[PDB]
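> Using only what follows, build the 3D model:
(one chain, ligands or ions: 2)
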Amino acid sequence: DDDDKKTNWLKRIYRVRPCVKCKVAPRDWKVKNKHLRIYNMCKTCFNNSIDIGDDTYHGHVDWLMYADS
Ligand SMILES: Nc1ncnc2c1ncn2[C@@H]1O[C@H](COP(=O)(O)OP(=O)(O)O)[C@@H](O)[C@H]1O
Ligand SMILES: [Zn+2]
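Numbering: from 1, shown residues only. Ligands and ions are numbered 1, 2, ... in the order given. Here you go, the structure:
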């Protein structure tokens, strides 16, 4: 099944690129209808970048969740 190719790519994508900032925690994400949105930062570093006023790492990549459009 072609959806399983997409699910294990996403599974991988998420497990091998950790938080841009701390580079150990993995990334915050959320599901938005057909897409998985992977934020660049883990939650803790994200909240901290608001406190310290850095917004250099702010951002996300969306990924279509399914093999077919
Ligand atoms: N954990 C995080 N790491 C990096 N950037 C983030 C994180 N959470 C939110 N952001 C950024 O802050 C803004 C708010 O995003 P989000 O709540 O996904 O937008 P929307 O509310 O329109 O869905 C976006 O630029 C998003 O990329
Ligand atoms: Zn982090």
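
> all contacts plus neighbour counts: C-alpha atoms, from now on.
OK.

> Contacts only, for residue 64.
34, 35, 36 (CA atoms under 8 Å, 6 or more residues apart in numbering).

> For the spatially most central residue of the chain, give me its contacts.
The centre of the chain sits closest to residue 38, judged by CA atoms, centre = their mean, with a distance of 1.8 Å. Shown in contact with residue 38 (CA under 8 Å, 6+ apart): 14, 27, 28, 29, 30, 60, 61, 62, 63.

> ok, for residue 18, nearest residue in space, not its chain neighbours?
residue 26 (4.3 Å; CA to CA, 6 or more residues apart in numbering).

> where along this protein do the strands fall?
29-32, 35-39, 60-64 (DSSP state E).

> Can you report how many residues lie near the residue nearest to residue 18?
Residue 26: 20 surrounding residues under other CA atoms under 10 Å.

> Go ahead and confirm it touches residue 14.
Yes. With contact defined as CA atoms under 8 Å, residue 26 reaches residue 14; the gap is 7.5 Å.

> which one is residue 29 nearest to, not counting chain neighbours?
Per CA to CA, 6+ apart, closest to residue 29 is residue 38, 4.3 Å.

> Could you measure from the one you found over to ligand 1?
8 Å (CA to the nearest ligand atom, to the nearest Å).

> now do residue 63
Counting by CA to the nearest ligand atom, the gap from residue 63 to ligand 1 is 13 Å.

> show me what contacts that residue?
By CA under 8 Å, 6+ apart, the neighbours of residue 63 are 10, 35, 36, 37, 38.

> Let's see that with 7 Å instead.
By CA atoms under 7 Å, 6 or more residues apart in numbering, the contact set of residue 63 is 35, 36, 37.

> which residues sit in contact with the first one?
Neighbouring residues of residue 35 by CA under 7 Å, 6+ apart: 62, 63, 64, 65.

> re earlier: which residues does the residue nearest to residue 29 bridge with?
residue 29, residue 61 (DSSP bridges).
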